[PDB]
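Enquirer: The structure under discussion is supplied below as structure tokens; questions concerning it will follow.
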Amino acid sequence: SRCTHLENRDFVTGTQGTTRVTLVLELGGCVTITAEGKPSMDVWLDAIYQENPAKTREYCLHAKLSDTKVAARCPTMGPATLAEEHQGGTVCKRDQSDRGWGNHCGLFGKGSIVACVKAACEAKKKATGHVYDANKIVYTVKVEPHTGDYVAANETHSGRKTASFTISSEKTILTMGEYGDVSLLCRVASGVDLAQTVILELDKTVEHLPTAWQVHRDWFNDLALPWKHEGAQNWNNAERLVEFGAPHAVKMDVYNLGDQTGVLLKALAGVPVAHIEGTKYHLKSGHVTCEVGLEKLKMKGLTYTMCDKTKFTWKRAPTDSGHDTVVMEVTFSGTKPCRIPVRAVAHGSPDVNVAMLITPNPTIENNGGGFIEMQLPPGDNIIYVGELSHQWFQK
Ligand SMILES: *[C@@H]1O[C@H](CO)[C@@H](O)[C@H](O)[C@H]1NC(C)=O
């Protein structure tokens, strides 16, 4: 059962008459649903994402400066000017330098000086923000029936089904193989509010970093870095990463404040990560409430005869699942298919069956069955699968 793979697992149980079940599925969680006369089902919210979300601003973390130009005039010669002062994509500073005979001016005094640099951004040194549209966000829910077959996490359960939901398409009917149809009504509106969320992306090809972060819109909009719209050619406020030195005669130095990535990363510690897979921008945390309709589900193998009580052996002896249940797997050497005669008694009371089965109507099919998950009361018990027995101390 898929839910046995994780630590975060909930059990939902429907009694007599319970045909519908309302669950709050959370990313990283898993729910096992059990109900009288119904095959058990594992359900979980698998992903929350939007393909190609809209991009808000792009910020530059490392300025690439080039073509530094300086123009200086002697004290009586008027303002110094450069064509660059009027071009976008350049950062300039006008100042005054001390001039005199030493640097070829007729008078000793203040002379106009102006320096400009072309400012661009280093390749792969942008920080881009993305915003979600509640109407385009997709919630993916997976359902897997309890078939008495154990499948590891790196393996694929042939009976697992997937359902996708958007605000405009909240209901799906899934056919669970021979178990019947299950209906899922999940409301995206009951999900995570995304108004103040921005998915921040740096360079997703960097190997030792998460591919994205989920940050607050107000924090993102206040970053003190050069910015522009995707598609725009030049950067606004490029001066944020450039400093000019005090001028001396006909020269003025231009300083680059360096790569701000390290600075940003310190700010991002403790911020939740997100994930990008191609064009899909995923949230790594979130939840949604769904209504599961069980009325069309039917159990499998109810009319088989009981398996020969003499032909069972333990493939995997009873073991603690970590969810206060016991898991085990048996092998049957008799004729299939048949119902597995499972029960358990408390040490000293051989007459009362104390086993509460999670796995519905355990059966050995022609090519499956054998895995059983059950709950037992605290203390010493003995598990029986026909004549096959096993001691079990619960707790
Ligand atoms: C799953 O992982 C195990 C252990 O690493 C390996 O032996 C097995 O072949 C894997 N199976 C698949 C389908 O990846």
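Numbering starts fresh at 1 for the residues of each chain in the structure tokens, the chains themselves are lettered A, B, ... in the order given, and ligands are numbered from 1 as they appear.
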With only C-alpha atoms as the counted atoms, please give the residues lying no more than 9 Å from residue 109 of chain A, apart from itself and same-chain residues fewer than 5 positions off, as a list in words.

Expert: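 Contacts, in chain order: residues 74, 75, 97, 98, 99 and 100 of chain A.
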
Enquirer: Since we have the selection now, will you write its residues out, keeping N, CA, C and O atoms, as a compact mmCIF listing (two decimals), in the first residue's frame?

Expert:
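Final file, part.txt:
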# COMPACT_ATOMS: atom_id res chain seq x y z
N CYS A 74 37.83 71.96 -18.74
CA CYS A 74 38.54 72.88 -17.88
C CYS A 74 37.53 73.83 -17.25
O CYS A 74 36.41 73.95 -17.75
N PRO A 75 37.90 74.53 -16.15
CA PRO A 75 37.02 75.47 -15.44
C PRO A 75 36.19 76.50 -16.25
O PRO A 75 35.09 76.88 -15.83
N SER A 97 36.09 68.02 -10.82
CA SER A 97 37.44 67.65 -10.42
C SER A 97 38.27 68.92 -10.33
O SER A 97 37.90 69.96 -10.87
N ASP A 98 39.38 68.84 -9.61
CA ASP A 98 40.30 69.97 -9.45
C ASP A 98 41.18 69.99 -10.70
O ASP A 98 41.75 68.98 -11.08
N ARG A 99 41.25 71.15 -11.34
CA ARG A 99 42.02 71.32 -12.56
C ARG A 99 42.98 72.49 -12.38
O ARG A 99 42.81 73.30 -11.47
N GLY A 100 43.97 72.60 -13.25
CA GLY A 100 44.94 73.69 -13.17
C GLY A 100 45.97 73.48 -14.25
O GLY A 100 45.76 72.66 -15.15

Enquirer: Using 12 Å as the limit and counting only C-alpha atoms and all ligand atoms, can you tabulate each residue of chain A that touches ligand 1, with its shortest atom-to-atom distance in Å and the two atoms involved, as CSV?

Expert:
residue,atom,partner,partner_atom_place_in_ligand_line,distance
A:151,CA,ligand 1,13 (C),9.8
A:152,CA,ligand 1,1 (C),7.2
A:153,CA,ligand 1,1 (C),7.7
A:154,CA,ligand 1,1 (C),5.0
A:155,CA,ligand 1,13 (C),4.9
A:156,CA,ligand 1,13 (C),7.6
A:157,CA,ligand 1,13 (C),10.7

Enquirer: I need the chosen residues saved as an mmCIF file, in the first residue's frame, with N, CA, C and O atoms.

Expert:
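again.cif was written with the following content:
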data_model
loop_
_atom_site.group_PDB
_atom_site.id
_atom_site.type_symbol
_atom_site.label_atom_id
_atom_site.label_comp_id
_atom_site.auth_asym_id
_atom_site.auth_seq_id
_atom_site.Cartn_x
_atom_site.Cartn_y
_atom_site.Cartn_z
ATOM 1 N N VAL A 151 4.012 -3.230 -2.972
ATOM 2 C CA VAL A 151 4.850 -2.597 -3.978
ATOM 3 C C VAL A 151 5.735 -1.556 -3.284
ATOM 4 O O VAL A 151 5.255 -0.746 -2.490
ATOM 5 N N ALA A 152 7.034 -1.613 -3.548
ATOM 6 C CA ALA A 152 7.978 -0.680 -2.957
ATOM 7 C C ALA A 152 7.828 0.699 -3.605
ATOM 8 O O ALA A 152 7.197 0.834 -4.662
ATOM 9 N N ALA A 153 8.410 1.710 -2.966
ATOM 10 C CA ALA A 153 8.337 3.087 -3.436
ATOM 11 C C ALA A 153 8.926 3.318 -4.842
ATOM 12 O O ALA A 153 8.414 4.146 -5.596
ATOM 13 N N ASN A 154 9.978 2.587 -5.205
ATOM 14 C CA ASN A 154 10.573 2.753 -6.526
ATOM 15 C C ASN A 154 9.842 1.930 -7.570
ATOM 16 O O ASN A 154 10.238 1.922 -8.725
ATOM 17 N N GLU A 155 8.768 1.247 -7.177
ATOM 18 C CA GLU A 155 8.007 0.415 -8.109
ATOM 19 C C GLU A 155 6.648 1.053 -8.392
ATOM 20 O O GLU A 155 6.174 1.901 -7.635
ATOM 21 N N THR A 156 6.020 0.644 -9.487
ATOM 22 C CA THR A 156 4.720 1.203 -9.871
ATOM 23 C C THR A 156 3.560 0.224 -9.687
ATOM 24 O O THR A 156 3.610 -0.916 -10.169
ATOM 25 N N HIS A 157 2.556 0.651 -8.923
ATOM 26 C CA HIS A 157 1.377 -0.177 -8.655
ATOM 27 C C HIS A 157 0.442 -0.076 -9.859
ATOM 28 O O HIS A 157 -0.112 0.991 -10.119
#

Enquirer: Considering only C-alpha atoms, return as a PDB file with N, CA and C atoms, in the first residue's frame whatever protein or nucleic-acid residues lie within 6 Å of residue 42 of chain A, sequence-local ones (same chain, fewer than 6 positions apart) excluded.

Expert:
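Once everything was written out, this is around01.pdb:
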ATOM      1  N   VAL A  31      -3.645   9.371   2.827  1.00  0.00           N
ATOM      2  CA  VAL A  31      -4.802   8.911   3.593  1.00  0.00           C
ATOM      3  C   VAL A  31      -5.256   7.492   3.231  1.00  0.00           C
ATOM      4  N   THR A  32      -5.422   6.640   4.240  1.00  0.00           N
ATOM      5  CA  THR A  32      -5.930   5.294   3.996  1.00  0.00           C
ATOM      6  C   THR A  32      -7.410   5.313   4.371  1.00  0.00           C
ATOM      7  N   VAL A 143      -4.997   7.874  -6.503  1.00  0.00           N
ATOM      8  CA  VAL A 143      -5.801   6.876  -5.797  1.00  0.00           C
ATOM      9  C   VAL A 143      -5.236   5.501  -6.132  1.00  0.00           C
ATOM     10  N   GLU A 144      -5.147   4.643  -5.123  1.00  0.00           N
ATOM     11  CA  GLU A 144      -4.602   3.301  -5.286  1.00  0.00           C
ATOM     12  C   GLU A 144      -5.431   2.334  -4.449  1.00  0.00           C
TER      13      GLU A 144
END

Enquirer: Using only C-alpha atoms, determine which residues lie at most 12 Å from residue 9 of chain A, disregarding the query and same-chain residues fewer than 6 positions distant; provide the list as an NGL selection string.

Expert: :A and (1-3 or 24-33 or 42-44 or 321-325)

Enquirer: Atom CA of residue 243 of chain A and atom CA of residue 86 of chain A, how far apart in Å?

Expert: 19.1 Å

Enquirer: Report as a list in words all protein, DNA and RNA residues lying within 6 Å of segment 370-387 of chain A, evaluated on only C-alpha atoms, omitting residues in the same chain fewer than 5 positions from it.

Expert: residues 148, 149, 150, 309, 310, 325, 326, 327, 328, 329, 330, 341, 342, 343, 344, 345, 346, 347, 355, 356, 357, 358, 359, 364, 392, 393, 394 and 395 of chain A

Enquirer: Closest to residue 181 of chain A among A:295, A:122, A:85, A:253, using only C-alpha atoms?

Expert: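 Closest residue, counting only C-alpha atoms: A:295.
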
Enquirer: Give the answer as one residue: which of A:212, A:167, A:21, A:184 has the shortest atom-to-atom distance to residue 277 of chain A, using only C-alpha atoms?

Expert: A:212

Enquirer: Could you name the residues that touch residue 34 of chain A at 10 Å or less, counting only C-alpha atoms, but leaving out those on the same chain fewer than 4 positions away, as a PyMOL selection string?

Expert: chain A and resi 11-15+38-42+146+357-360

Enquirer: Output N, CA and C atoms of each residue in that selection to a file, as a compact mmCIF listing (two decimals), in the first residue's frame.

Expert:
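That gives us part.txt:
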# COMPACT_ATOMS: atom_id res chain seq x y z
N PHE A 11 -5.76 7.86 8.83
CA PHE A 11 -6.71 6.79 8.58
C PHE A 11 -8.11 7.41 8.68
N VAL A 12 -8.92 7.21 7.64
CA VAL A 12 -10.28 7.71 7.63
C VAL A 12 -11.15 6.48 7.53
N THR A 13 -12.18 6.42 8.36
CA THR A 13 -13.04 5.26 8.37
C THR A 13 -14.53 5.57 8.29
N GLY A 14 -15.19 4.95 7.33
CA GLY A 14 -16.62 5.13 7.16
C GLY A 14 -17.35 3.93 7.75
N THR A 15 -18.37 4.17 8.57
CA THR A 15 -19.13 3.08 9.20
C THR A 15 -20.34 2.64 8.35
N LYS A 38 -16.42 -2.33 1.61
CA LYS A 38 -15.75 -1.65 0.50
C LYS A 38 -14.26 -1.97 0.49
N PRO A 39 -13.66 -2.04 -0.71
CA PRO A 39 -12.23 -2.33 -0.74
C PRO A 39 -11.55 -1.06 -0.22
N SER A 40 -10.47 -1.19 0.53
CA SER A 40 -9.76 -0.03 1.06
C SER A 40 -9.03 0.75 -0.03
N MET A 41 -8.89 2.06 0.16
CA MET A 41 -8.25 2.93 -0.83
C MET A 41 -7.23 3.87 -0.22
N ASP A 42 -6.10 4.06 -0.90
CA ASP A 42 -5.08 5.03 -0.46
C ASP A 42 -5.21 6.23 -1.40
N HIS A 146 -6.33 -1.17 -2.38
CA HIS A 146 -5.59 -2.16 -1.58
C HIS A 146 -5.85 -3.51 -2.24
N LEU A 357 -8.72 -5.94 10.32
CA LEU A 357 -8.05 -5.88 9.02
C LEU A 357 -8.16 -4.55 8.30
N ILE A 358 -7.04 -4.07 7.77
CA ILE A 358 -7.01 -2.84 6.99
C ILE A 358 -7.21 -3.34 5.55
N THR A 359 -6.48 -4.39 5.18
CA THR A 359 -6.58 -5.00 3.86
C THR A 359 -7.96 -5.70 3.79
N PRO A 360 -8.80 -5.30 2.81
CA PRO A 360 -10.14 -5.89 2.65
C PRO A 360 -10.09 -7.29 2.04

Enquirer: Could you give me, as a PyMOL selection string, each residue of segment 41-200 of chain A that DSSP assigns to helix (DSSP H, G or I) when run on this structure's backbone?

Expert: chain A and resi 83-86+101-103+177-179+188-190

Enquirer: Using only C-alpha atoms, which residue out of A:126, A:300, A:284, A:240 lies closest to residue 337 of chain A?

Expert: A:300

Enquirer: Would you list, as number ranges by chain, the residues of segment 48-161 of chain A that end up in strand (DSSP E or B) under DSSP run on this structure's backbone?

Expert: A: 48-51, 54-60, 63-72, 90-99, 109-121, 126-131, 138-145, 161

Enquirer: Which one of A:55, A:160, A:93, A:73 sits closest to residue 110 of chain A if you count only C-alpha atoms?

Expert: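 Between A:55, A:160, A:93, A:73, the residue approaching residue 110 of chain A most closely is A:73.
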